[PDB]
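First, one chain by itself: the form described as "closed conformation" in its entry title, in structure tokens.
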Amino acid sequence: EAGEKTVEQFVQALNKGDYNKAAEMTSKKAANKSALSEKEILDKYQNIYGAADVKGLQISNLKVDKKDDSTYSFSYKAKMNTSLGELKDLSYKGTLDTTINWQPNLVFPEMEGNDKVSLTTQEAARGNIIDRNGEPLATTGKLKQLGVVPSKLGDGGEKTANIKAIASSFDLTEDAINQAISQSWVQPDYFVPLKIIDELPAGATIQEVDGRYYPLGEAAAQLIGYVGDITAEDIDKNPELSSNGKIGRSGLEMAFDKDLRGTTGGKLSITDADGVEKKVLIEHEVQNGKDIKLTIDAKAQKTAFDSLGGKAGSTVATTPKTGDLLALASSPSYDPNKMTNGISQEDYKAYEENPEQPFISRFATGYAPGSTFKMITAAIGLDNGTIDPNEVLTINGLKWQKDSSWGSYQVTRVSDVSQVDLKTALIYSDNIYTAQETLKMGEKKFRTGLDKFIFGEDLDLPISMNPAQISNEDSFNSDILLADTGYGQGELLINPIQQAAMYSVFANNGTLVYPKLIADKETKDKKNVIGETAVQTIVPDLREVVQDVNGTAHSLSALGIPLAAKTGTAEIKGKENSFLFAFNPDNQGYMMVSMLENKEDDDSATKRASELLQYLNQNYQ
């Protein structure tokens, strides 16, 4: 009858922690109907379940018959979550009076009379994400935790005045302080945690508590990611997750959650009235999460993020001969510490509504590579024999088009240099030279040179990422699209990591070295991507891009360090992105690609790259 509804509500009240209503659905105390009073059932359920942090109690196979004229029996299978994992396949049985004749059979299947529960949980320590030199990127730190002692809080209006004072001095609703103070585990003299603080009234104290901590903060927020309290929804996906631990929601905290979380150790069992083991429900051994060391340099990461100055952009720093990802900075960013602990709705809405989008991992976002890609188009042209470094094109003005069939579109350069060869085009960042040489090269030869790269490949990196593409379809279907792809801004989509991968060929004499994030990983490369002669022709021109007084990266020559560089721009609609590629041509110890997305006028990726270049030249030979 309607007794099935009485069982559904009973499991629903137990599922969300409401033990008083669940106990209110029980029958009066007797020997035929119910074994305890409602308060006794309340205390038993709290003491047992809440100690085990029982959440996500879900039932199935619910069958309800009718035993006598006023009794109806019921049975169902149940699944539970504890600090020790999932309790699946649990057979519950009992009677109905519609009320519930409660027996200790309904706490755990095979308890009877005055049986107790043994919960010994003592373990867990999430693995640490450390940099290439052992510096912490995601460890456990001592955080400041403000909470309230109910006894030292006051009586009557004193308590209300102090609650309003604490709620006003730290921005929290009065109802939160009163709800945490009135929760069922709290005692008058216990420390009730309220918030973690990034003038303490009567009752407010602050403790030092272990918690997930990110030393670099926003500087590595996109890469490392952040952690969050496990919900019932997450327990639905993976059963072995403890119902109280933390789970990585983004970045490497999520990509490596199984390797970093370990397994909480303990034993949940049922004992008799005299404490002798009856049934072992759950038991596992303590296993802390495994630490994960990356190729990231802590100081290089911090410097590459600070150099972006909060503007929209990204910076990737590698050791091109091995592929070690020294730095993966994305700006703007968010506070991961304030994200894992206590984040207000207003601040999270400010994060999500920011047009610059601090949440996106810009180092893994496909972009038009800009006129930097000129290098690639040059190398291909030097491999197939299309581009003679000696030949000089006569270019008049700042705009050019193949013919009047382009209508209103023209390729734009910045410097009106009449005689332009390859070295001059690299020094002045000439887009017209590149467009003309690309059109003379043809689509077939250009795509032949391009397919020697990593277009369409899915890199072996623990970062969510889409493979780089040359264009939308397999053919350009347009001379304009071919020319624009020539100087790196058509339907091209290459994220900064893939950009560094492709550009590594100039530091390995034509061999592409795939980027590496895990330090233990072996070095994988791809040989004969571009010819050796193309490298030995372009790299000195890339030196001239810095040394010549009209090189677009001449401001770096003041640093007095061996640099081979190439600037770039990309117009999308108008919005303009700035690019800088730079590496040590003497020892190939480091390589760097930086980007300013939708740059402010007078701003450039080269204007902010000096300090990172100095650090990399000092510490990576």
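Sequential numbering from 1, following the sequence displayed. Here the rigid core means the biggest group of C-alpha atoms that line up within 1.5 Å when the two forms are laid on top of each other.
Here the subject shifts to the form described as "open conformation" in its entry title, a form of this protein not shown in this document.
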(message) For the core superposition between the shown form and the other one, please identify the residue among 412, 448, 354, 71 whose CA shift reaches 2 Å or more.
(response) 71
(request) Superpose the two forms on their rigid core, then report whether the C-alpha of residue 104 is displaced by 2 angstroms or more between the shown form and the other one. (result) yes
(request) Inspect the rigid-core superposition and answer whether the C-alpha of residue 113 shifts by 2 angstroms or more between the shown form and the other one. (result) yes
(message) So that I can tell if residue 193 moves, could you say whether its C-alpha shifts by at least 2 Å between the shown form and the other one after the core superposition?
(response) yes
(request) Mind checking the CA-CA distance of residue 149 and residue 344 in the other form? It differs by 3 Å or more from this form, so is it closer or farther? (result) closer
(message) Given that the shift is 3 Å or more, do the Cα atoms of residue 185 and residue 243 end up closer or farther apart in the other form than in this form?
(response) farther
